[PDB]
$ cat input-v3.cif   # mmCIF, N, CA and C atoms
data_start
loop_
_atom_site.label_atom_id
_atom_site.label_comp_id
_atom_site.auth_asym_id
_atom_site.auth_seq_id
_atom_site.Cartn_x
_atom_site.Cartn_y
_atom_site.Cartn_z
N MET C 1 5.64 23.95 -8.39
CA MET C 1 6.34 22.69 -8.07
C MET C 1 6.33 21.74 -9.29
N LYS C 2 7.43 20.99 -9.48
CA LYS C 2 7.59 20.02 -10.57
C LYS C 2 8.30 18.78 -10.03
N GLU C 3 7.82 17.60 -10.42
CA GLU C 3 8.34 16.30 -9.94
C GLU C 3 9.07 15.60 -11.10
N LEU C 4 10.14 14.87 -10.76
CA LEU C 4 10.99 14.14 -11.71
C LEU C 4 11.10 12.67 -11.26
N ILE C 5 10.57 11.75 -12.07
CA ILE C 5 10.67 10.30 -11.83
C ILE C 5 11.60 9.69 -12.90
N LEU C 6 12.66 9.01 -12.44
CA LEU C 6 13.67 8.38 -13.29
C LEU C 6 13.41 6.87 -13.31
N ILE C 7 13.17 6.32 -14.50
CA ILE C 7 12.99 4.88 -14.72
C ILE C 7 14.30 4.31 -15.28
N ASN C 8 14.72 3.16 -14.74
CA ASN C 8 15.87 2.40 -15.24
C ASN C 8 15.36 1.05 -15.74
N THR C 9 15.36 0.85 -17.06
CA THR C 9 15.06 -0.45 -17.67
C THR C 9 15.86 -0.61 -18.97
N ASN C 10 16.42 -1.82 -19.16
CA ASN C 10 17.10 -2.21 -20.42
C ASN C 10 16.11 -2.90 -21.37
N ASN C 11 14.89 -3.18 -20.88
CA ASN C 11 13.85 -3.86 -21.66
C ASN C 11 13.17 -2.84 -22.60
N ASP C 12 13.63 -2.82 -23.87
CA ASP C 12 13.11 -1.97 -24.97
C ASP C 12 11.58 -1.93 -25.03
N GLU C 13 10.98 -3.12 -24.99
CA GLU C 13 9.54 -3.29 -25.13
C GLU C 13 8.79 -2.64 -23.95
N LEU C 14 9.38 -2.71 -22.73
CA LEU C 14 8.80 -2.06 -21.54
C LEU C 14 8.86 -0.54 -21.67
N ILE C 15 10.01 -0.01 -22.18
CA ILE C 15 10.24 1.44 -22.34
C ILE C 15 9.06 2.09 -23.12
N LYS C 16 8.65 1.42 -24.22
CA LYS C 16 7.50 1.86 -25.05
C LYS C 16 6.16 1.72 -24.30
N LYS C 17 6.00 0.64 -23.50
CA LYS C 17 4.77 0.41 -22.68
C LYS C 17 4.60 1.52 -21.63
N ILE C 18 5.74 1.96 -21.05
CA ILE C 18 5.78 3.05 -20.07
C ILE C 18 5.32 4.33 -20.75
N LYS C 19 5.90 4.64 -21.94
CA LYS C 19 5.57 5.85 -22.73
C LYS C 19 4.06 5.96 -22.97
N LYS C 20 3.42 4.81 -23.31
CA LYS C 20 1.96 4.73 -23.49
C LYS C 20 1.23 5.17 -22.21
N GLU C 21 1.63 4.58 -21.06
CA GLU C 21 1.06 4.92 -19.74
C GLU C 21 1.21 6.42 -19.42
N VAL C 22 2.39 6.97 -19.72
CA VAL C 22 2.75 8.36 -19.40
C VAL C 22 1.95 9.35 -20.28
N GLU C 23 1.65 8.93 -21.52
CA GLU C 23 0.79 9.69 -22.44
C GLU C 23 -0.69 9.61 -22.01
N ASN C 24 -1.07 8.48 -21.36
CA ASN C 24 -2.44 8.28 -20.82
C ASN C 24 -2.67 9.21 -19.62
N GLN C 25 -1.60 9.44 -18.84
CA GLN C 25 -1.65 10.28 -17.62
C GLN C 25 -1.45 11.76 -17.97
N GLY C 26 -0.74 12.01 -19.09
CA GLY C 26 -0.49 13.36 -19.59
C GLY C 26 0.87 13.92 -19.20
N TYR C 27 1.75 13.06 -18.62
CA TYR C 27 3.12 13.46 -18.23
C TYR C 27 4.03 13.52 -19.48
N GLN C 28 5.17 14.20 -19.33
CA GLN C 28 6.09 14.48 -20.45
C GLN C 28 7.19 13.40 -20.51
N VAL C 29 7.19 12.57 -21.58
CA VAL C 29 8.25 11.54 -21.79
C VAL C 29 9.51 12.20 -22.38
N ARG C 30 10.66 12.03 -21.73
CA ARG C 30 11.98 12.36 -22.30
C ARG C 30 12.94 11.18 -22.08
N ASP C 31 13.59 10.73 -23.17
CA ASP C 31 14.56 9.63 -23.16
C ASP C 31 15.98 10.19 -22.98
N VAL C 32 16.76 9.54 -22.11
CA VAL C 32 18.19 9.82 -21.93
C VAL C 32 18.96 8.49 -22.08
N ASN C 33 19.85 8.43 -23.07
CA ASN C 33 20.68 7.23 -23.36
C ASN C 33 22.14 7.68 -23.63
N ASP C 34 22.45 8.92 -23.23
CA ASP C 34 23.73 9.59 -23.52
C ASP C 34 24.01 10.62 -22.41
N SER C 35 25.30 10.80 -22.07
CA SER C 35 25.75 11.61 -20.92
C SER C 35 25.57 13.13 -21.17
N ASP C 36 25.58 13.54 -22.45
CA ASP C 36 25.42 14.95 -22.84
C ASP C 36 23.92 15.32 -22.89
N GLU C 37 23.07 14.34 -23.23
CA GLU C 37 21.61 14.56 -23.32
C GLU C 37 20.99 14.94 -21.96
N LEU C 38 21.47 14.32 -20.87
CA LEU C 38 20.89 14.54 -19.52
C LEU C 38 21.10 15.98 -19.03
N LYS C 39 22.29 16.56 -19.31
CA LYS C 39 22.67 17.91 -18.82
C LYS C 39 21.94 19.00 -19.64
N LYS C 40 21.55 18.65 -20.88
CA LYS C 40 20.65 19.46 -21.71
C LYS C 40 19.27 19.50 -21.04
N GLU C 41 18.73 18.29 -20.73
CA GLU C 41 17.39 18.12 -20.14
C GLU C 41 17.24 18.88 -18.82
N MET C 42 18.26 18.79 -17.94
CA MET C 42 18.24 19.45 -16.61
C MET C 42 17.97 20.97 -16.71
N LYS C 43 18.51 21.58 -17.79
CA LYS C 43 18.36 23.02 -18.06
C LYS C 43 16.95 23.31 -18.58
N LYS C 44 16.44 22.45 -19.49
CA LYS C 44 15.09 22.59 -20.08
C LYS C 44 14.01 22.58 -18.96
N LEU C 45 14.22 21.70 -17.97
CA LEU C 45 13.34 21.54 -16.80
C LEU C 45 13.36 22.80 -15.92
N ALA C 46 14.56 23.38 -15.76
CA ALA C 46 14.78 24.58 -14.94
C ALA C 46 14.18 25.83 -15.60
N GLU C 47 14.33 25.92 -16.93
CA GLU C 47 13.88 27.09 -17.73
C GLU C 47 12.35 27.13 -17.85
N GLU C 48 11.73 25.95 -17.95
CA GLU C 48 10.27 25.82 -18.08
C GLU C 48 9.66 25.34 -16.75
N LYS C 49 8.89 26.22 -16.07
CA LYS C 49 8.35 25.96 -14.72
C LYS C 49 6.91 25.45 -14.81
N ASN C 50 6.01 26.34 -15.27
CA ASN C 50 4.55 26.11 -15.26
C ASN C 50 4.12 25.26 -16.46
N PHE C 51 4.27 23.95 -16.28
CA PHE C 51 3.68 22.91 -17.14
C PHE C 51 3.82 21.57 -16.40
N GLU C 52 3.37 20.49 -17.05
CA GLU C 52 3.33 19.14 -16.48
C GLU C 52 4.70 18.66 -15.95
N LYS C 53 4.67 17.78 -14.94
CA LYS C 53 5.87 17.13 -14.38
C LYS C 53 6.38 16.03 -15.34
N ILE C 54 7.72 15.85 -15.36
CA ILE C 54 8.43 15.08 -16.40
C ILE C 54 8.81 13.68 -15.88
N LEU C 55 8.74 12.70 -16.79
CA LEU C 55 9.18 11.33 -16.58
C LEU C 55 10.39 11.07 -17.50
N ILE C 56 11.55 10.80 -16.89
CA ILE C 56 12.81 10.49 -17.59
C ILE C 56 12.98 8.96 -17.62
N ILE C 57 13.25 8.38 -18.80
CA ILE C 57 13.64 6.96 -18.93
C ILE C 57 15.13 6.90 -19.33
N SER C 58 15.87 5.95 -18.73
CA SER C 58 17.27 5.67 -19.07
C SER C 58 17.57 4.18 -18.83
N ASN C 59 18.67 3.71 -19.41
CA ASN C 59 19.13 2.31 -19.32
C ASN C 59 20.45 2.22 -18.53
N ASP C 60 21.11 3.38 -18.32
CA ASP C 60 22.45 3.47 -17.72
C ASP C 60 22.37 4.16 -16.35
N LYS C 61 23.04 3.56 -15.35
CA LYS C 61 23.00 3.99 -13.94
C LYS C 61 23.84 5.25 -13.69
N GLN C 62 24.95 5.39 -14.44
CA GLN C 62 25.90 6.52 -14.26
C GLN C 62 25.21 7.84 -14.61
N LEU C 63 24.28 7.78 -15.60
CA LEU C 63 23.47 8.93 -16.03
C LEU C 63 22.52 9.34 -14.89
N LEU C 64 21.71 8.35 -14.44
CA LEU C 64 20.69 8.51 -13.39
C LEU C 64 21.29 9.11 -12.12
N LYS C 65 22.46 8.58 -11.74
CA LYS C 65 23.16 8.93 -10.49
C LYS C 65 23.57 10.42 -10.49
N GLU C 66 23.93 10.95 -11.69
CA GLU C 66 24.12 12.40 -11.90
C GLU C 66 22.81 13.15 -11.65
N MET C 67 21.72 12.74 -12.35
CA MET C 67 20.43 13.47 -12.32
C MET C 67 19.78 13.49 -10.92
N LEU C 68 19.96 12.42 -10.11
CA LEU C 68 19.47 12.36 -8.71
C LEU C 68 20.01 13.56 -7.88
N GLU C 69 21.28 13.91 -8.16
CA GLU C 69 21.98 15.03 -7.50
C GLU C 69 21.64 16.38 -8.17
N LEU C 70 21.54 16.39 -9.51
CA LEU C 70 21.31 17.61 -10.32
C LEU C 70 19.91 18.20 -10.05
N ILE C 71 18.89 17.34 -10.15
CA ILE C 71 17.47 17.67 -9.87
C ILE C 71 17.29 18.08 -8.38
N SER C 72 18.12 17.50 -7.50
CA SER C 72 18.15 17.83 -6.07
C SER C 72 18.69 19.27 -5.84
N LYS C 73 19.57 19.73 -6.75
CA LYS C 73 20.08 21.13 -6.77
C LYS C 73 19.03 22.08 -7.38
N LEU C 74 18.37 21.58 -8.45
CA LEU C 74 17.33 22.34 -9.20
C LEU C 74 16.11 22.63 -8.30
N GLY C 75 15.90 21.78 -7.28
CA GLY C 75 14.86 21.98 -6.28
C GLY C 75 13.53 21.39 -6.69
N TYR C 76 13.55 20.10 -7.05
CA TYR C 76 12.36 19.35 -7.47
C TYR C 76 12.25 18.06 -6.65
N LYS C 77 11.08 17.40 -6.75
CA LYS C 77 10.86 16.08 -6.17
C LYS C 77 11.62 15.05 -6.99
N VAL C 78 12.60 14.41 -6.37
CA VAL C 78 13.34 13.31 -7.00
C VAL C 78 12.61 11.99 -6.66
N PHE C 79 12.50 11.12 -7.66
CA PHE C 79 11.97 9.76 -7.48
C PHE C 79 12.76 8.84 -8.42
N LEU C 80 13.07 7.62 -7.96
CA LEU C 80 13.79 6.62 -8.76
C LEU C 80 13.01 5.30 -8.71
N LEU C 81 12.95 4.64 -9.86
CA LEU C 81 12.28 3.35 -10.06
C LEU C 81 13.15 2.57 -11.03
N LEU C 82 13.54 1.34 -10.66
CA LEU C 82 14.45 0.52 -11.48
C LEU C 82 13.97 -0.94 -11.55
N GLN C 83 14.21 -1.54 -12.72
CA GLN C 83 13.88 -2.94 -13.03
C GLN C 83 14.81 -3.39 -14.16
N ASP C 84 15.25 -4.65 -14.09
CA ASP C 84 16.15 -5.24 -15.08
C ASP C 84 16.16 -6.76 -14.92
N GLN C 85 16.73 -7.44 -15.92
CA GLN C 85 16.91 -8.89 -15.97
C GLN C 85 17.90 -9.36 -14.87
N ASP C 86 18.84 -8.47 -14.52
CA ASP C 86 19.84 -8.70 -13.47
C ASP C 86 19.37 -8.10 -12.14
N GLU C 87 18.80 -8.95 -11.25
CA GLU C 87 18.34 -8.55 -9.90
C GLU C 87 19.52 -8.06 -9.03
N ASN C 88 20.69 -8.73 -9.20
CA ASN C 88 21.94 -8.41 -8.48
C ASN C 88 22.38 -6.97 -8.77
N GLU C 89 22.20 -6.55 -10.03
CA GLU C 89 22.57 -5.20 -10.50
C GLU C 89 21.61 -4.13 -9.97
N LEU C 90 20.35 -4.51 -9.76
CA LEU C 90 19.31 -3.63 -9.23
C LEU C 90 19.59 -3.27 -7.76
N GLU C 91 19.81 -4.32 -6.94
CA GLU C 91 19.97 -4.19 -5.47
C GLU C 91 21.27 -3.46 -5.08
N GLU C 92 22.37 -3.69 -5.85
CA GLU C 92 23.69 -3.08 -5.54
C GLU C 92 23.70 -1.57 -5.83
N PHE C 93 22.96 -1.15 -6.88
CA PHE C 93 22.76 0.28 -7.19
C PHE C 93 21.83 0.93 -6.15
N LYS C 94 20.69 0.25 -5.87
CA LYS C 94 19.62 0.77 -5.00
C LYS C 94 20.12 1.07 -3.57
N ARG C 95 20.89 0.14 -2.98
CA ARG C 95 21.40 0.28 -1.58
C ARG C 95 22.28 1.55 -1.42
N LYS C 96 22.98 1.93 -2.50
CA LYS C 96 23.83 3.13 -2.54
C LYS C 96 22.95 4.39 -2.57
N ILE C 97 21.85 4.32 -3.34
CA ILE C 97 20.89 5.42 -3.49
C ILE C 97 20.09 5.64 -2.17
N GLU C 98 19.83 4.55 -1.44
CA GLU C 98 19.24 4.59 -0.08
C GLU C 98 20.23 5.21 0.93
N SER C 99 21.54 4.97 0.71
CA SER C 99 22.63 5.59 1.50
C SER C 99 22.77 7.09 1.16
N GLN C 100 22.32 7.48 -0.05
CA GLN C 100 22.20 8.89 -0.46
C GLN C 100 20.90 9.51 0.13
N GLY C 101 19.93 8.64 0.50
CA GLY C 101 18.68 9.05 1.16
C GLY C 101 17.59 9.44 0.18
N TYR C 102 17.50 8.70 -0.94
CA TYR C 102 16.49 8.95 -2.00
C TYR C 102 15.45 7.83 -2.04
N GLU C 103 14.20 8.21 -2.37
CA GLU C 103 13.11 7.27 -2.63
C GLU C 103 13.38 6.51 -3.95
N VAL C 104 13.85 5.27 -3.80
CA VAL C 104 14.18 4.37 -4.91
C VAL C 104 13.39 3.06 -4.77
N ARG C 105 12.74 2.63 -5.87
CA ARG C 105 11.95 1.39 -5.91
C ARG C 105 12.68 0.36 -6.77
N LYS C 106 12.51 -0.92 -6.43
CA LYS C 106 13.13 -2.04 -7.15
C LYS C 106 12.09 -3.12 -7.42
N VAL C 107 12.01 -3.57 -8.69
CA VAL C 107 11.08 -4.63 -9.10
C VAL C 107 11.76 -5.56 -10.13
N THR C 108 11.19 -6.75 -10.31
CA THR C 108 11.73 -7.80 -11.19
C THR C 108 10.92 -7.84 -12.49
N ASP C 109 9.59 -7.95 -12.33
CA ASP C 109 8.62 -7.94 -13.43
C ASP C 109 8.39 -6.51 -13.93
N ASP C 110 8.18 -6.39 -15.24
CA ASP C 110 7.89 -5.11 -15.91
C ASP C 110 6.52 -4.55 -15.46
N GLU C 111 5.59 -5.47 -15.11
CA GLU C 111 4.22 -5.12 -14.67
C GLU C 111 4.23 -4.29 -13.37
N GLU C 112 5.16 -4.64 -12.46
CA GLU C 112 5.31 -3.99 -11.15
C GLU C 112 5.79 -2.54 -11.33
N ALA C 113 6.70 -2.35 -12.31
CA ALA C 113 7.22 -1.03 -12.69
C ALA C 113 6.07 -0.14 -13.20
N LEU C 114 5.18 -0.72 -14.03
CA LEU C 114 4.02 -0.02 -14.61
C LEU C 114 3.01 0.39 -13.52
N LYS C 115 2.89 -0.46 -12.47
CA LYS C 115 2.05 -0.15 -11.30
C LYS C 115 2.57 1.11 -10.60
N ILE C 116 3.90 1.14 -10.33
CA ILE C 116 4.57 2.23 -9.58
C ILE C 116 4.61 3.54 -10.41
N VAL C 117 4.67 3.41 -11.76
CA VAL C 117 4.53 4.56 -12.68
C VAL C 117 3.15 5.23 -12.46
N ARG C 118 2.08 4.40 -12.39
CA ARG C 118 0.70 4.88 -12.16
C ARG C 118 0.52 5.39 -10.70
N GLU C 119 1.15 4.69 -9.73
CA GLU C 119 1.14 5.09 -8.30
C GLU C 119 1.75 6.48 -8.10
N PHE C 120 2.85 6.76 -8.83
CA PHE C 120 3.55 8.05 -8.78
C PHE C 120 2.62 9.19 -9.19
N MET C 121 1.74 8.92 -10.17
CA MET C 121 0.83 9.93 -10.75
C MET C 121 -0.08 10.60 -9.68
N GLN C 122 -0.41 9.86 -8.59
CA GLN C 122 -1.18 10.42 -7.44
C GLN C 122 -0.24 10.77 -6.26
N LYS C 123 0.81 9.95 -6.05
CA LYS C 123 1.78 10.11 -4.94
C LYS C 123 2.68 11.34 -5.12
N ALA C 124 2.78 11.83 -6.36
CA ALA C 124 3.59 13.01 -6.70
C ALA C 124 2.91 14.28 -6.20
N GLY C 125 1.56 14.24 -6.13
CA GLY C 125 0.75 15.32 -5.58
C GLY C 125 0.70 15.26 -4.06
N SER C 126 1.88 15.31 -3.43
CA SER C 126 2.04 15.32 -1.98
C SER C 126 1.91 16.74 -1.44
N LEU C 127 1.57 16.85 -0.15
CA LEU C 127 1.56 18.13 0.58
C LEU C 127 3.03 18.53 0.79
N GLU C 128 3.60 19.23 -0.21
CA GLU C 128 4.97 19.73 -0.16
C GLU C 128 5.06 20.89 0.82
N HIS C 129 5.37 20.56 2.07
CA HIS C 129 5.66 21.53 3.12
C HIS C 129 7.00 22.19 2.77
N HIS C 130 6.90 23.36 2.09
CA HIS C 130 8.02 24.04 1.40
C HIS C 130 9.17 24.38 2.37
N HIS C 131 8.80 24.80 3.59
CA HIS C 131 9.74 24.95 4.72
C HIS C 131 10.07 23.53 5.25
N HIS C 132 10.83 22.79 4.43
CA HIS C 132 10.85 21.31 4.44
C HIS C 132 11.57 20.71 5.65
N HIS C 133 12.42 21.51 6.31
CA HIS C 133 13.07 21.12 7.57
C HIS C 133 12.19 21.59 8.76
N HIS C 134 11.01 20.95 8.87
CA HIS C 134 10.00 21.18 9.92
C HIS C 134 9.54 22.68 9.95
#
$ encode --input "input-v3.cif" --output "structure tokens"
Amino acid sequence: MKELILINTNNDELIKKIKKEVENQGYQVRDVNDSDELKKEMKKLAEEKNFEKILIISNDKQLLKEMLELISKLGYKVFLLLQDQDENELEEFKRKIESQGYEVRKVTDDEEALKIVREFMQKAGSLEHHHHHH
């Protein structure tokens, strides 16, 4: 089993703070800031099974929205966490992702995002009942 957590932040300084946390936990940092980069990454994740679970950072919603569906085909734990200066932009994206039926978190402060990054590190180790439809 492998878990994929997607972070959405436009705050450059936070992106680096997250990377520090992810290196402290031992998770694999990969940056996506381009539409061609994400479809490369999805294959790398599929080809390599037995190693640490990956943390993807991005600033663009159109990228993330692809990967929520792609990773869902690949057969992994999808997780979404988003924070930005525009609260209006956070909530309008999130409500659509809840309508897709995905675990998506929303925060205002960068500190709250860092909490949920650390929370994921234990919450990702869930009892994955593989026969997942009861």
$ axis_aligned_box --input "input-v3.cif" --around "range 90-100 of chain C" --padding-each-side "6 Å" --output "lines of an AutoDock Vina configuration file"
center_x = 21.5
center_y = 2.5
center_z = -4.1
size_x = 16.6
size_y = 26.0
size_z = 23.3
$ select_by_dssp --input "input-v3.cif" --residues "chain C" --states "strand (DSSP E)" --output "ChimeraX atom specification"
/C:3-8,28-31,54-58,77-83,104-107
$ resolve_selection --input "input-v3.cif" --expression "the PyMOL selection byres ((chain C and resi 103-111) around 8)" --output "number ranges by chain"
C: 14, 78-87, 90-91, 94, 97-98, 100-102, 112-117
$ residues_around --input "input-v3.cif" --residues "residue 30 in chain C" --least-positions-apart "6" --cutoff "5 Å" --atoms "all atoms listed in the file" --output "PyMOL selection string"
chain C and resi 55-57
$ atom_distance --input "input-v3.cif" --atom1 "atom C of residue 128 in chain C" --atom2 "atom C of residue 53 in chain C"
16.9 Å
$ residues_around --input "input-v3.cif" --residues "residue 77 in chain C" --least-positions-apart "6" --cutoff "12 Å" --atoms "only C-alpha atoms" --output "ChimeraX atom specification"
/C:1-6,53-55,67-71,102-103,120,123-130,132
$ closest_residue --input "input-v3.cif" --among "C:32, C:51, C:43, C:93" --to "residue 63 in chain C" --atoms "only N, CA and C atoms"
C:32
$ atom_distance --input "input-v3.cif" --atom1 "CA of residue 9 in chain C" --atom2 "CA of residue 58 in chain C"
6.7 Å
$ atom_distance --input "input-v3.cif" --atom1 "CA of residue 7 in chain C" --atom2 "CA of residue 38 in chain C"
13.4 Å
$ select_by_dssp --input "input-v3.cif" --residues "chain C" --states "helix (DSSP H, G or I)" --output "number ranges by chain"
C: 12-25, 35-47, 61-74, 87-100, 110-123
